[PDB]
$ cat final.cif   # mmCIF, N, CA and C atoms
data_entry
loop_
_atom_site.group_PDB
_atom_site.id
_atom_site.type_symbol
_atom_site.label_atom_id
_atom_site.label_comp_id
_atom_site.auth_asym_id
_atom_site.auth_seq_id
_atom_site.Cartn_x
_atom_site.Cartn_y
_atom_site.Cartn_z
ATOM 1 N N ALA J 88 -6.962 -2.821 -9.877
ATOM 2 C CA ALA J 88 -8.134 -3.148 -9.075
ATOM 3 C C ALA J 88 -7.748 -3.895 -7.798
ATOM 4 N N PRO J 89 -7.018 -3.223 -6.912
ATOM 5 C CA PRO J 89 -6.578 -3.862 -5.662
ATOM 6 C C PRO J 89 -7.718 -3.974 -4.668
ATOM 7 N N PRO J 90 -7.778 -5.064 -3.906
ATOM 8 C CA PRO J 90 -8.844 -5.197 -2.908
ATOM 9 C C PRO J 90 -8.605 -4.305 -1.699
ATOM 10 N N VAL J 91 -9.695 -4.045 -0.981
ATOM 11 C CA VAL J 91 -9.686 -3.235 0.228
ATOM 12 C C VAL J 91 -10.090 -4.071 1.442
ATOM 13 N N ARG J 92 -10.008 -5.395 1.320
ATOM 14 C CA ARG J 92 -10.334 -6.310 2.408
ATOM 15 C C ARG J 92 -9.049 -6.620 3.167
ATOM 16 N N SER J 93 -8.951 -6.122 4.396
ATOM 17 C CA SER J 93 -7.756 -6.337 5.196
ATOM 18 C C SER J 93 -7.647 -7.790 5.634
ATOM 19 N N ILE J 94 -6.413 -8.288 5.698
ATOM 20 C CA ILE J 94 -6.189 -9.631 6.219
ATOM 21 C C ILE J 94 -6.718 -9.672 7.647
ATOM 22 N N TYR J 95 -7.711 -10.526 7.890
ATOM 23 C CA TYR J 95 -8.289 -10.648 9.231
ATOM 24 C C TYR J 95 -8.070 -12.063 9.761
ATOM 25 N N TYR Z 391 4.598 -17.881 -11.585
ATOM 26 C CA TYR Z 391 5.442 -17.583 -12.737
ATOM 27 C C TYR Z 391 5.811 -16.103 -12.789
ATOM 28 N N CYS Z 392 4.825 -15.215 -12.679
ATOM 29 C CA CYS Z 392 5.106 -13.786 -12.748
ATOM 30 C C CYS Z 392 5.490 -13.192 -11.398
ATOM 31 N N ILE Z 393 5.472 -13.984 -10.326
ATOM 32 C CA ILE Z 393 6.185 -13.585 -9.119
ATOM 33 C C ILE Z 393 7.673 -13.865 -9.281
ATOM 34 N N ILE Z 394 8.021 -14.944 -9.982
ATOM 35 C CA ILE Z 394 9.421 -15.268 -10.226
ATOM 36 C C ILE Z 394 9.990 -14.380 -11.322
ATOM 37 N N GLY Z 395 9.200 -14.105 -12.358
ATOM 38 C CA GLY Z 395 9.614 -13.286 -13.475
ATOM 39 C C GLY Z 395 9.221 -11.832 -13.397
ATOM 40 N N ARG Z 396 8.491 -11.427 -12.362
ATOM 41 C CA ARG Z 396 8.060 -10.041 -12.200
ATOM 42 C C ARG Z 396 7.410 -9.517 -13.480
ATOM 43 N N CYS Z 397 6.465 -10.291 -14.006
ATOM 44 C CA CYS Z 397 5.777 -9.963 -15.248
ATOM 45 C C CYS Z 397 4.286 -9.754 -14.990
ATOM 46 N N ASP Z 398 3.577 -9.352 -16.046
ATOM 47 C CA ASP Z 398 2.131 -9.143 -15.999
ATOM 48 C C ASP Z 398 1.753 -8.264 -14.808
ATOM 49 N N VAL Z 399 2.452 -7.134 -14.688
ATOM 50 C CA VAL Z 399 2.267 -6.259 -13.534
ATOM 51 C C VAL Z 399 0.833 -5.757 -13.448
ATOM 52 N N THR Z 400 0.146 -5.633 -14.586
ATOM 53 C CA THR Z 400 -1.223 -5.130 -14.563
ATOM 54 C C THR Z 400 -2.182 -6.160 -13.978
ATOM 55 N N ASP Z 401 -1.965 -7.439 -14.279
ATOM 56 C CA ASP Z 401 -2.807 -8.505 -13.747
ATOM 57 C C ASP Z 401 -2.518 -8.665 -12.259
ATOM 58 N N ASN Z 402 -3.489 -8.313 -11.420
ATOM 59 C CA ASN Z 402 -3.332 -8.392 -9.975
ATOM 60 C C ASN Z 402 -3.499 -9.803 -9.430
ATOM 61 N N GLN Z 403 -3.599 -10.807 -10.302
ATOM 62 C CA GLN Z 403 -3.743 -12.200 -9.879
ATOM 63 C C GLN Z 403 -4.840 -12.337 -8.825
ATOM 64 N N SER Z 404 -5.941 -11.609 -9.026
ATOM 65 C CA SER Z 404 -6.986 -11.517 -8.015
ATOM 66 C C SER Z 404 -7.540 -12.875 -7.605
ATOM 67 N N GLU Z 405 -7.263 -13.930 -8.371
ATOM 68 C CA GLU Z 405 -7.736 -15.259 -8.003
ATOM 69 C C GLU Z 405 -7.074 -15.749 -6.721
ATOM 70 N N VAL Z 406 -5.796 -15.427 -6.528
ATOM 71 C CA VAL Z 406 -5.058 -15.878 -5.359
ATOM 72 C C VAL Z 406 -4.757 -14.749 -4.378
ATOM 73 N N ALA Z 407 -4.570 -13.518 -4.855
ATOM 74 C CA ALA Z 407 -4.285 -12.375 -3.990
ATOM 75 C C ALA Z 407 -5.569 -11.571 -3.806
ATOM 76 N N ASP Z 408 -6.429 -12.064 -2.912
ATOM 77 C CA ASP Z 408 -7.699 -11.405 -2.643
ATOM 78 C C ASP Z 408 -7.622 -10.403 -1.500
ATOM 79 N N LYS Z 409 -6.648 -10.530 -0.609
ATOM 80 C CA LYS Z 409 -6.487 -9.580 0.481
ATOM 81 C C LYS Z 409 -5.599 -8.418 0.040
ATOM 82 N N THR Z 410 -5.578 -7.363 0.858
ATOM 83 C CA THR Z 410 -4.765 -6.195 0.531
ATOM 84 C C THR Z 410 -3.281 -6.497 0.693
ATOM 85 N N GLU Z 411 -2.907 -7.147 1.797
ATOM 86 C CA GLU Z 411 -1.508 -7.509 1.995
ATOM 87 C C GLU Z 411 -1.023 -8.436 0.885
ATOM 88 N N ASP Z 412 -1.887 -9.344 0.418
ATOM 89 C CA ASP Z 412 -1.515 -10.196 -0.704
ATOM 90 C C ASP Z 412 -1.256 -9.381 -1.966
ATOM 91 N N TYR Z 413 -1.920 -8.233 -2.109
ATOM 92 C CA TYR Z 413 -1.654 -7.366 -3.251
ATOM 93 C C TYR Z 413 -0.313 -6.657 -3.095
ATOM 94 N N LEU Z 414 -0.121 -5.960 -1.973
ATOM 95 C CA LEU Z 414 1.165 -5.324 -1.709
ATOM 96 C C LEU Z 414 2.306 -6.308 -1.932
ATOM 97 N N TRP Z 415 2.228 -7.472 -1.291
ATOM 98 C CA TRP Z 415 3.284 -8.469 -1.435
ATOM 99 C C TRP Z 415 3.417 -8.919 -2.886
ATOM 100 N N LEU Z 416 2.295 -9.041 -3.597
ATOM 101 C CA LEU Z 416 2.351 -9.451 -4.994
ATOM 102 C C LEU Z 416 3.104 -8.432 -5.838
ATOM 103 N N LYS Z 417 2.948 -7.145 -5.527
ATOM 104 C CA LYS Z 417 3.552 -6.107 -6.352
ATOM 105 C C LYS Z 417 5.004 -5.858 -5.965
ATOM 106 N N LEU Z 418 5.299 -5.787 -4.665
ATOM 107 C CA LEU Z 418 6.678 -5.573 -4.239
ATOM 108 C C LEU Z 418 7.594 -6.684 -4.738
ATOM 109 N N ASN Z 419 7.038 -7.858 -5.048
ATOM 110 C CA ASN Z 419 7.777 -8.898 -5.751
ATOM 111 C C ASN Z 419 7.785 -8.687 -7.260
ATOM 112 N N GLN Z 420 7.169 -7.607 -7.748
ATOM 113 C CA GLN Z 420 7.146 -7.297 -9.170
ATOM 114 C C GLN Z 420 7.815 -5.974 -9.512
ATOM 115 N N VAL Z 421 8.080 -5.111 -8.529
ATOM 116 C CA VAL Z 421 8.750 -3.853 -8.826
ATOM 117 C C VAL Z 421 10.116 -4.142 -9.446
ATOM 118 N N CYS Z 422 10.613 -3.177 -10.219
ATOM 119 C CA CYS Z 422 11.890 -3.319 -10.901
ATOM 120 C C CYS Z 422 12.696 -2.037 -10.754
ATOM 121 N N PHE Z 423 13.982 -2.140 -11.090
ATOM 122 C CA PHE Z 423 14.897 -1.009 -11.134
ATOM 123 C C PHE Z 423 15.640 -1.049 -12.461
ATOM 124 N N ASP Z 424 15.848 0.125 -13.056
ATOM 125 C CA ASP Z 424 16.489 0.259 -14.369
ATOM 126 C C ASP Z 424 17.431 -0.891 -14.722
ATOM 127 N N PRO Z 431 11.143 -1.348 -20.859
ATOM 128 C CA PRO Z 431 10.210 -0.227 -20.690
ATOM 129 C C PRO Z 431 8.745 -0.666 -20.664
ATOM 130 N N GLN Z 432 8.453 -1.837 -21.221
ATOM 131 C CA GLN Z 432 7.097 -2.363 -21.260
ATOM 132 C C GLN Z 432 6.935 -3.474 -20.229
ATOM 133 N N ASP Z 433 5.722 -3.593 -19.688
ATOM 134 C CA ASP Z 433 5.420 -4.607 -18.675
ATOM 135 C C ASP Z 433 6.375 -4.498 -17.490
ATOM 136 N N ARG Z 434 6.657 -3.269 -17.061
ATOM 137 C CA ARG Z 434 7.581 -3.052 -15.958
ATOM 138 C C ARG Z 434 7.042 -1.970 -15.036
ATOM 139 N N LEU Z 435 7.248 -2.172 -13.736
ATOM 140 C CA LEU Z 435 6.785 -1.268 -12.696
ATOM 141 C C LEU Z 435 7.925 -0.997 -11.728
ATOM 142 N N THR Z 436 8.052 0.256 -11.303
ATOM 143 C CA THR Z 436 9.070 0.659 -10.344
ATOM 144 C C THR Z 436 8.403 1.170 -9.075
ATOM 145 N N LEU Z 437 9.185 1.215 -7.993
ATOM 146 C CA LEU Z 437 8.650 1.659 -6.710
ATOM 147 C C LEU Z 437 8.048 3.054 -6.808
ATOM 148 N N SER Z 438 8.708 3.963 -7.531
ATOM 149 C CA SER Z 438 8.185 5.321 -7.661
ATOM 150 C C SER Z 438 6.812 5.309 -8.326
ATOM 151 N N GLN Z 439 6.688 4.598 -9.448
ATOM 152 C CA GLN Z 439 5.391 4.470 -10.103
ATOM 153 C C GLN Z 439 4.375 3.809 -9.177
ATOM 154 N N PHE Z 440 4.741 2.666 -8.594
ATOM 155 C CA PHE Z 440 3.820 1.936 -7.726
ATOM 156 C C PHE Z 440 3.388 2.777 -6.531
ATOM 157 N N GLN Z 441 4.347 3.390 -5.831
ATOM 158 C CA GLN Z 441 3.997 4.191 -4.661
ATOM 159 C C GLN Z 441 3.114 5.372 -5.049
ATOM 160 N N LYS Z 442 3.436 6.042 -6.158
ATOM 161 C CA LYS Z 442 2.611 7.156 -6.613
ATOM 162 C C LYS Z 442 1.291 6.656 -7.189
ATOM 163 N N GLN Z 443 1.351 5.611 -8.018
ATOM 164 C CA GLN Z 443 0.148 5.037 -8.616
ATOM 165 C C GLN Z 443 -0.895 4.672 -7.566
ATOM 166 N N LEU Z 444 -0.452 4.205 -6.400
ATOM 167 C CA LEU Z 444 -1.399 3.721 -5.398
ATOM 168 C C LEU Z 444 -2.209 4.862 -4.790
ATOM 169 N N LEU Z 445 -1.535 5.859 -4.221
ATOM 170 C CA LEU Z 445 -2.261 6.894 -3.488
ATOM 171 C C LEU Z 445 -2.835 7.955 -4.414
ATOM 172 N N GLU Z 446 -2.203 8.205 -5.560
ATOM 173 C CA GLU Z 446 -2.724 9.225 -6.464
ATOM 174 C C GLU Z 446 -4.044 8.773 -7.071
ATOM 175 N N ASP Z 447 -4.066 7.574 -7.652
ATOM 176 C CA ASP Z 447 -5.270 7.087 -8.314
ATOM 177 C C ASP Z 447 -6.251 6.510 -7.297
ATOM 178 N N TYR Z 448 -5.759 5.681 -6.377
ATOM 179 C CA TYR Z 448 -6.582 5.038 -5.355
ATOM 180 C C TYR Z 448 -6.217 5.616 -3.990
ATOM 181 N N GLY Z 449 -6.692 6.828 -3.719
ATOM 182 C CA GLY Z 449 -6.337 7.502 -2.485
ATOM 183 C C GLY Z 449 -6.972 6.900 -1.247
ATOM 184 N N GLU Z 450 -6.979 7.673 -0.156
ATOM 185 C CA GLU Z 450 -7.629 7.234 1.076
ATOM 186 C C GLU Z 450 -9.017 6.686 0.795
ATOM 187 N N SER Z 451 -9.777 7.388 -0.051
ATOM 188 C CA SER Z 451 -11.150 7.001 -0.348
ATOM 189 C C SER Z 451 -11.240 5.516 -0.668
ATOM 190 N N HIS Z 452 -10.323 5.016 -1.498
ATOM 191 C CA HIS Z 452 -10.402 3.619 -1.908
ATOM 192 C C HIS Z 452 -10.090 2.684 -0.743
ATOM 193 N N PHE Z 453 -9.118 3.042 0.099
ATOM 194 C CA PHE Z 453 -8.642 2.159 1.156
ATOM 195 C C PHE Z 453 -9.274 2.424 2.517
ATOM 196 N N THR Z 454 -10.227 3.355 2.618
ATOM 197 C CA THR Z 454 -10.869 3.627 3.900
ATOM 198 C C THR Z 454 -12.387 3.517 3.802
ATOM 199 N N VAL Z 455 -12.900 2.868 2.753
ATOM 200 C CA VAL Z 455 -14.343 2.686 2.634
ATOM 201 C C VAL Z 455 -14.849 1.709 3.688
ATOM 202 N N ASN Z 456 -14.041 0.713 4.046
ATOM 203 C CA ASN Z 456 -14.376 -0.228 5.104
ATOM 204 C C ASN Z 456 -14.174 0.342 6.503
ATOM 205 N N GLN Z 457 -13.973 1.653 6.626
ATOM 206 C CA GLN Z 457 -13.705 2.318 7.903
ATOM 207 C C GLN Z 457 -12.707 1.531 8.753
ATOM 208 N N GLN Z 458 -11.581 1.185 8.134
ATOM 209 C CA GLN Z 458 -10.462 0.527 8.808
ATOM 210 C C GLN Z 458 -9.208 1.340 8.516
ATOM 211 N N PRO Z 459 -8.727 2.150 9.465
ATOM 212 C CA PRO Z 459 -7.688 3.130 9.100
ATOM 213 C C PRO Z 459 -6.321 2.509 8.875
ATOM 214 N N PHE Z 460 -5.930 1.531 9.694
ATOM 215 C CA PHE Z 460 -4.583 0.981 9.582
ATOM 216 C C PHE Z 460 -4.334 0.358 8.214
ATOM 217 N N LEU Z 461 -5.379 -0.151 7.559
ATOM 218 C CA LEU Z 461 -5.198 -0.747 6.240
ATOM 219 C C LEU Z 461 -4.490 0.214 5.291
ATOM 220 N N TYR Z 462 -4.929 1.473 5.264
ATOM 221 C CA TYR Z 462 -4.288 2.456 4.398
ATOM 222 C C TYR Z 462 -2.893 2.798 4.907
ATOM 223 N N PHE Z 463 -2.747 2.949 6.227
ATOM 224 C CA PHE Z 463 -1.444 3.232 6.818
ATOM 225 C C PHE Z 463 -0.410 2.191 6.401
ATOM 226 N N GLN Z 464 -0.758 0.907 6.528
ATOM 227 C CA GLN Z 464 0.156 -0.143 6.094
ATOM 228 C C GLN Z 464 0.485 -0.033 4.613
ATOM 229 N N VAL Z 465 -0.464 0.430 3.799
ATOM 230 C CA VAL Z 465 -0.182 0.572 2.377
ATOM 231 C C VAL Z 465 0.873 1.646 2.155
ATOM 232 N N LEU Z 466 0.779 2.750 2.893
ATOM 233 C CA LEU Z 466 1.728 3.838 2.711
ATOM 234 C C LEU Z 466 3.064 3.532 3.373
ATOM 235 N N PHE Z 467 3.039 2.929 4.565
ATOM 236 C CA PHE Z 467 4.279 2.702 5.298
ATOM 237 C C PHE Z 467 5.120 1.610 4.644
ATOM 238 N N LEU Z 468 4.480 0.535 4.186
ATOM 239 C CA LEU Z 468 5.191 -0.544 3.516
ATOM 240 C C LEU Z 468 5.550 -0.210 2.072
ATOM 241 N N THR Z 469 5.337 1.032 1.637
ATOM 242 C CA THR Z 469 5.793 1.492 0.332
ATOM 243 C C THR Z 469 6.787 2.641 0.450
ATOM 244 N N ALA Z 470 7.304 2.901 1.651
ATOM 245 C CA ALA Z 470 8.305 3.923 1.954
ATOM 246 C C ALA Z 470 7.724 5.330 1.970
ATOM 247 N N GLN Z 471 6.402 5.479 1.861
ATOM 248 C CA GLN Z 471 5.761 6.794 1.901
ATOM 249 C C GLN Z 471 5.397 7.130 3.346
ATOM 250 N N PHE Z 472 6.441 7.410 4.129
ATOM 251 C CA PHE Z 472 6.263 7.551 5.569
ATOM 252 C C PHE Z 472 5.556 8.851 5.925
ATOM 253 N N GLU Z 473 5.842 9.929 5.193
ATOM 254 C CA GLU Z 473 5.221 11.212 5.507
ATOM 255 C C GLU Z 473 3.720 11.163 5.259
ATOM 256 N N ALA Z 474 3.313 10.604 4.117
ATOM 257 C CA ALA Z 474 1.892 10.430 3.842
ATOM 258 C C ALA Z 474 1.217 9.641 4.955
ATOM 259 N N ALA Z 475 1.761 8.466 5.280
ATOM 260 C CA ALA Z 475 1.146 7.638 6.309
ATOM 261 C C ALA Z 475 1.086 8.361 7.647
ATOM 262 N N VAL Z 476 2.081 9.199 7.944
ATOM 263 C CA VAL Z 476 2.102 9.886 9.230
ATOM 264 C C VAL Z 476 1.012 10.949 9.281
ATOM 265 N N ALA Z 477 0.972 11.823 8.274
ATOM 266 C CA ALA Z 477 -0.069 12.842 8.236
ATOM 267 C C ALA Z 477 -1.444 12.193 8.232
ATOM 268 N N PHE Z 478 -1.659 11.240 7.320
ATOM 269 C CA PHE Z 478 -2.922 10.517 7.260
ATOM 270 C C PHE Z 478 -3.341 10.019 8.638
ATOM 271 N N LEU Z 479 -2.504 9.179 9.252
ATOM 272 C CA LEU Z 479 -2.843 8.620 10.552
ATOM 273 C C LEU Z 479 -2.907 9.683 11.639
ATOM 274 N N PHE Z 480 -2.286 10.842 11.428
ATOM 275 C CA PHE Z 480 -2.347 11.895 12.431
ATOM 276 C C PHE Z 480 -3.701 12.591 12.455
ATOM 277 N N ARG Z 481 -4.509 12.423 11.409
ATOM 278 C CA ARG Z 481 -5.814 13.068 11.363
ATOM 279 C C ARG Z 481 -6.875 12.264 12.102
ATOM 280 N N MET Z 482 -6.717 10.946 12.191
ATOM 281 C CA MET Z 482 -7.642 10.135 12.975
ATOM 282 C C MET Z 482 -7.542 10.544 14.440
ATOM 283 N N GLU Z 483 -8.576 11.215 14.955
ATOM 284 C CA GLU Z 483 -8.502 11.762 16.306
ATOM 285 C C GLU Z 483 -8.263 10.684 17.358
ATOM 286 N N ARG Z 484 -8.528 9.419 17.033
ATOM 287 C CA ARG Z 484 -8.301 8.327 17.970
ATOM 288 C C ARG Z 484 -6.875 7.809 17.922
ATOM 289 N N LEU Z 485 -6.135 8.124 16.859
ATOM 290 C CA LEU Z 485 -4.793 7.606 16.635
ATOM 291 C C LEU Z 485 -3.768 8.729 16.509
ATOM 292 N N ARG Z 486 -4.052 9.891 17.102
ATOM 293 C CA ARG Z 486 -3.081 10.982 17.073
ATOM 294 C C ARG Z 486 -1.797 10.555 17.769
ATOM 295 N N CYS Z 487 -1.926 10.044 18.995
ATOM 296 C CA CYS Z 487 -0.762 9.594 19.747
ATOM 297 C C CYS Z 487 0.161 8.751 18.877
ATOM 298 N N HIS Z 488 -0.387 7.711 18.246
ATOM 299 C CA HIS Z 488 0.441 6.773 17.494
ATOM 300 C C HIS Z 488 1.123 7.432 16.300
ATOM 301 N N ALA Z 489 0.443 8.368 15.634
ATOM 302 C CA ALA Z 489 1.033 8.967 14.441
ATOM 303 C C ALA Z 489 2.139 9.951 14.782
ATOM 304 N N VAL Z 490 2.028 10.635 15.920
ATOM 305 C CA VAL Z 490 3.088 11.543 16.336
ATOM 306 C C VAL Z 490 4.363 10.765 16.617
ATOM 307 N N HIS Z 491 4.236 9.634 17.307
ATOM 308 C CA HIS Z 491 5.415 8.886 17.722
ATOM 309 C C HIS Z 491 6.098 8.223 16.531
ATOM 310 N N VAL Z 492 5.328 7.568 15.659
ATOM 311 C CA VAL Z 492 5.921 7.031 14.440
ATOM 312 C C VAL Z 492 6.590 8.136 13.639
ATOM 313 N N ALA Z 493 6.196 9.392 13.858
ATOM 314 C CA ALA Z 493 6.931 10.503 13.271
ATOM 315 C C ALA Z 493 8.231 10.749 14.027
ATOM 316 N N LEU Z 494 8.181 10.710 15.360
ATOM 317 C CA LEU Z 494 9.395 10.902 16.144
ATOM 318 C C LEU Z 494 10.440 9.849 15.798
ATOM 319 N N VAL Z 495 10.028 8.579 15.740
ATOM 320 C CA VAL Z 495 10.966 7.516 15.383
ATOM 321 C C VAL Z 495 11.641 7.846 14.060
ATOM 322 N N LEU Z 496 10.845 8.146 13.037
ATOM 323 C CA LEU Z 496 11.416 8.551 11.758
ATOM 324 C C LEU Z 496 12.264 9.813 11.879
ATOM 325 N N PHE Z 497 12.055 10.616 12.924
ATOM 326 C CA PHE Z 497 12.813 11.849 13.109
ATOM 327 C C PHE Z 497 14.137 11.625 13.831
#
$ encode --input "final.cif" --output "structure tokens"
Amino acid sequence: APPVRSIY
Amino acid sequence: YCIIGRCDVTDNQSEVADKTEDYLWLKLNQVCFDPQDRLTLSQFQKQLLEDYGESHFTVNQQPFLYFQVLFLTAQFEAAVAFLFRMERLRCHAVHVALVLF
């Protein structure tokens, strides 16, 4: 369950 | 502990690794080379795009996120073709292909 929120 | 011991590969430690780069980094510190609780680059690289393809990593309509996932896992051809389809990033995908060429 890896996140899809890019480091911003 | 399991970054030092490369254990509990299934547990994504989502409490601390909430970003995508934190996941990649969490796993590349867990990959192994030559049977239980063990992950290798081939499994990880295939496991990522086969099960969680573009669809999973492009729902936020952010293309580079997926590209970084493929490129930082040595899957250069996938990342090149993928990024070559974005009509706004054709230029960039051709050249990253030339460099690899």
$ resolve_selection --input "final.cif" --expression "the PyMOL selection byres ((chain J and resi 92) around 8)" --output "PDB file with N, CA and C atoms, in the coordinates of the input"
ATOM      1  N   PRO J  89      -7.018  -3.223  -6.912  1.00  0.00           N
ATOM      2  CA  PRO J  89      -6.578  -3.862  -5.662  1.00  0.00           C
ATOM      3  C   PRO J  89      -7.718  -3.974  -4.668  1.00  0.00           C
ATOM      4  N   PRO J  90      -7.778  -5.064  -3.906  1.00  0.00           N
ATOM      5  CA  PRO J  90      -8.844  -5.197  -2.908  1.00  0.00           C
ATOM      6  C   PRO J  90      -8.605  -4.305  -1.699  1.00  0.00           C
ATOM      7  N   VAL J  91      -9.695  -4.045  -0.981  1.00  0.00           N
ATOM      8  CA  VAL J  91      -9.686  -3.235   0.228  1.00  0.00           C
ATOM      9  C   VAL J  91     -10.090  -4.071   1.442  1.00  0.00           C
ATOM     10  N   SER J  93      -8.951  -6.122   4.396  1.00  0.00           N
ATOM     11  CA  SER J  93      -7.756  -6.337   5.196  1.00  0.00           C
ATOM     12  C   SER J  93      -7.647  -7.790   5.634  1.00  0.00           C
ATOM     13  N   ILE J  94      -6.413  -8.288   5.698  1.00  0.00           N
ATOM     14  CA  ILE J  94      -6.189  -9.631   6.219  1.00  0.00           C
ATOM     15  C   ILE J  94      -6.718  -9.672   7.647  1.00  0.00           C
ATOM     16  N   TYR J  95      -7.711 -10.526   7.890  1.00  0.00           N
ATOM     17  CA  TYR J  95      -8.289 -10.648   9.231  1.00  0.00           C
ATOM     18  C   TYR J  95      -8.070 -12.063   9.761  1.00  0.00           C
TER      19      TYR J  95
ATOM     20  N   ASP Z 408      -6.429 -12.064  -2.912  1.00  0.00           N
ATOM     21  CA  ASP Z 408      -7.699 -11.405  -2.643  1.00  0.00           C
ATOM     22  C   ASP Z 408      -7.622 -10.403  -1.500  1.00  0.00           C
ATOM     23  N   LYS Z 409      -6.648 -10.530  -0.609  1.00  0.00           N
ATOM     24  CA  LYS Z 409      -6.487  -9.580   0.481  1.00  0.00           C
ATOM     25  C   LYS Z 409      -5.599  -8.418   0.040  1.00  0.00           C
ATOM     26  N   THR Z 410      -5.578  -7.363   0.858  1.00  0.00           N
ATOM     27  CA  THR Z 410      -4.765  -6.195   0.531  1.00  0.00           C
ATOM     28  C   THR Z 410      -3.281  -6.497   0.693  1.00  0.00           C
ATOM     29  N   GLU Z 411      -2.907  -7.147   1.797  1.00  0.00           N
ATOM     30  CA  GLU Z 411      -1.508  -7.509   1.995  1.00  0.00           C
ATOM     31  C   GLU Z 411      -1.023  -8.436   0.885  1.00  0.00           C
ATOM     32  N   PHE Z 453      -9.118   3.042   0.099  1.00  0.00           N
ATOM     33  CA  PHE Z 453      -8.642   2.159   1.156  1.00  0.00           C
ATOM     34  C   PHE Z 453      -9.274   2.424   2.517  1.00  0.00           C
ATOM     35  N   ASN Z 456     -14.041   0.713   4.046  1.00  0.00           N
ATOM     36  CA  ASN Z 456     -14.376  -0.228   5.104  1.00  0.00           C
ATOM     37  C   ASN Z 456     -14.174   0.342   6.503  1.00  0.00           C
ATOM     38  N   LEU Z 461      -5.379  -0.151   7.559  1.00  0.00           N
ATOM     39  CA  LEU Z 461      -5.198  -0.747   6.240  1.00  0.00           C
ATOM     40  C   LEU Z 461      -4.490   0.214   5.291  1.00  0.00           C
TER      41      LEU Z 461
END
$ resolve_selection --input "final.cif" --expression "the PyMOL selection byres ((chain Z and resi 423-439) around 7)" --output "MDAnalysis selection string"
chainID Z and resid 396:400 420:422 440:444
$ atom_distance --input "final.cif" --atom1 "CA of residue 395 in chain Z" --atom2 "CA of residue 469 in chain Z"
20.6 Å
$ atom_distance --input "final.cif" --atom1 "atom N of residue 419 in chain Z" --atom2 "atom N of residue 479 in chain Z"
24.2 Å
$ atom_distance --input "final.cif" --atom1 "CA of residue 487 in chain Z" --atom2 "CA of residue 474 in chain Z"
16.1 Å
$ select_by_dssp --input "final.cif" --residues "range 415-492 of chain Z" --states "strand (DSSP E)" --output "list in words"
residues 421, 422, 435 and 436 of chain Z
$ resolve_selection --input "final.cif" --expression "the PyMOL selection byres ((chain Z and name CA) within 12 of (chain J and name CA))" --output "count of residues only"
41
$ axis_aligned_box --input "final.cif" --around "chain J" --padding-each-side "4 Å" --output "JSON"
{"center_x": -8.3, "center_y": -7.4, "center_z": -0.1, "size_x": 12.1, "size_y": 17.2, "size_z": 27.6}
$ decode --input "final.cif" --residues "range 447-474 of chain Z" --atoms "C-alpha atoms" --output "PDB file, in the first residue's frame"
ATOM      1  CA  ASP Z 447       0.482  -4.732  -9.535  1.00  0.00           C
ATOM      2  CA  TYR Z 448       0.479  -0.930  -9.064  1.00  0.00           C
ATOM      3  CA  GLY Z 449       0.858   0.332 -12.619  1.00  0.00           C
ATOM      4  CA  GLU Z 450       0.609   3.864 -13.993  1.00  0.00           C
ATOM      5  CA  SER Z 451      -3.002   3.946 -12.794  1.00  0.00           C
ATOM      6  CA  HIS Z 452      -1.902   3.847  -9.160  1.00  0.00           C
ATOM      7  CA  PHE Z 453       0.868   6.457  -9.521  1.00  0.00           C
ATOM      8  CA  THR Z 454      -0.872   8.867 -11.930  1.00  0.00           C
ATOM      9  CA  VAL Z 455      -4.231   9.371 -10.196  1.00  0.00           C
ATOM     10  CA  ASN Z 456      -2.955  12.709  -8.847  1.00  0.00           C
ATOM     11  CA  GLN Z 457      -2.213  13.734 -12.476  1.00  0.00           C
ATOM     12  CA  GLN Z 458       1.480  14.182 -11.636  1.00  0.00           C
ATOM     13  CA  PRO Z 459       3.547  12.378 -14.287  1.00  0.00           C
ATOM     14  CA  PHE Z 460       7.088  12.673 -12.919  1.00  0.00           C
ATOM     15  CA  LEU Z 461       6.069  10.822  -9.746  1.00  0.00           C
ATOM     16  CA  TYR Z 462       5.706   7.593 -11.727  1.00  0.00           C
ATOM     17  CA  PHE Z 463       8.807   8.338 -13.819  1.00  0.00           C
ATOM     18  CA  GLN Z 464      10.917   8.652 -10.669  1.00  0.00           C
ATOM     19  CA  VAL Z 465       9.490   5.341  -9.467  1.00  0.00           C
ATOM     20  CA  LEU Z 466      10.602   3.575 -12.641  1.00  0.00           C
ATOM     21  CA  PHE Z 467      13.918   5.382 -13.124  1.00  0.00           C
ATOM     22  CA  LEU Z 468      15.083   4.984  -9.515  1.00  0.00           C
ATOM     23  CA  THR Z 469      14.365   1.236  -9.803  1.00  0.00           C
ATOM     24  CA  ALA Z 470      16.564   0.708 -12.924  1.00  0.00           C
ATOM     25  CA  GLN Z 471      13.489   0.275 -15.178  1.00  0.00           C
ATOM     26  CA  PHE Z 472      14.712   2.856 -17.653  1.00  0.00           C
ATOM     27  CA  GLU Z 473      12.860   1.573 -20.721  1.00  0.00           C
ATOM     28  CA  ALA Z 474       9.497   1.626 -18.945  1.00  0.00           C
TER      29      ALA Z 474
END
